[PDB]
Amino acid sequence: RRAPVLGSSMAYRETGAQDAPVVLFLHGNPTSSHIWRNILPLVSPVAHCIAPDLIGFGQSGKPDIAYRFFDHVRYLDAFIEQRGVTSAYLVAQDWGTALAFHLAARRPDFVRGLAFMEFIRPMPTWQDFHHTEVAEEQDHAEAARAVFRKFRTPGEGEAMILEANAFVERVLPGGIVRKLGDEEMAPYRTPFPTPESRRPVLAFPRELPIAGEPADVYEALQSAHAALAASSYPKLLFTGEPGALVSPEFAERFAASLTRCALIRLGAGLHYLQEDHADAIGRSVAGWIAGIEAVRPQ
């Protein structure tokens, strides 16, 4: 499906009933609603599932904008408005979680519950990016820091992401335990056939809140995380082992620090947890919605 949004368009996948609660599925970099393809059918029995492609991603429009975090904020807000969604569960990964947290902070009453994984938080130092404390994960964590430092460097970032397509070709498969089939990988490639098309994919790592910068995003996410910590709505945190942005020991501590946040351990997993754990995530989210709906207002 397609929705007109701010003079452009956003593509979205939709499934479920009509009178069911809405669940918005929010992808990150460099994915699209494609990543939820095997999860949607497991949640559709209990909810009206809506999975937008972020502006510049998947089958959405490609306007000549900056593709900064606040650009995605604006386009997602306009999409929510266009679709007439007045409240929803949020299910999110990667930059999807930053969008979810910021949305929940501004509109606390909108959120029925938040299910999240491999999420973004303000990172005081580069050592906080891919922070982990177990064996051969440090090789992988340090490399991830080196690659992302370069992504954030003028000229270098352009060469890696726009020219060499490294986020699609390396980082993505790098964050999935199993090897995708050709037919599963192809829809990740099709939105990005050219250097210019890859502008949003380069913009996102330059938005990551690291060592206080970019300051506008860093401050907004500090604020969003304060609101999350004070929030009362149901939460579900998924973690893989060793994970990427979120290590198991951190996940445990983080979930315990919040109000009403359950921790679900998935097993072997990196960044793109949906591709290795579609069944487990789908079944968990579906049970969770069913339980909340069974005791919610009525």
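Numbers follow the displayed sequence, beginning with 1.
- Higher mean CA temperature factor, per the PDB entry, when comparing 245-253 with 42-50: 245-253.
- Mean CA temperature factor is higher for 163-171 when stretches 163-171 and 199-207 are set side by side in the entry.
- The top Cα temperature factor in the record, among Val134, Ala115, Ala215, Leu103, falls on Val134.
- Per the PDB entry, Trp126 shows the highest C-alpha temperature factor of the residues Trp126, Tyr89, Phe79, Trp95.
- Annotation for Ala11: C-alpha temperature factor in the middle third relative to the rest of the modelled chain, per the entry.
- Sort the chain's modelled residues by C-alpha temperature factor and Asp279 lands in the middle third, per the entry.
- The entry lists a Cα temperature factor for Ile292 that places it in the lowest third of the chain's modelled residues.
- Sorting the modelled residues of the chain by their CA temperature factor places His72 in the lowest third.
- Annotation for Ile65: C-alpha temperature factor in the lowest third relative to the rest of the modelled chain, per the entry.
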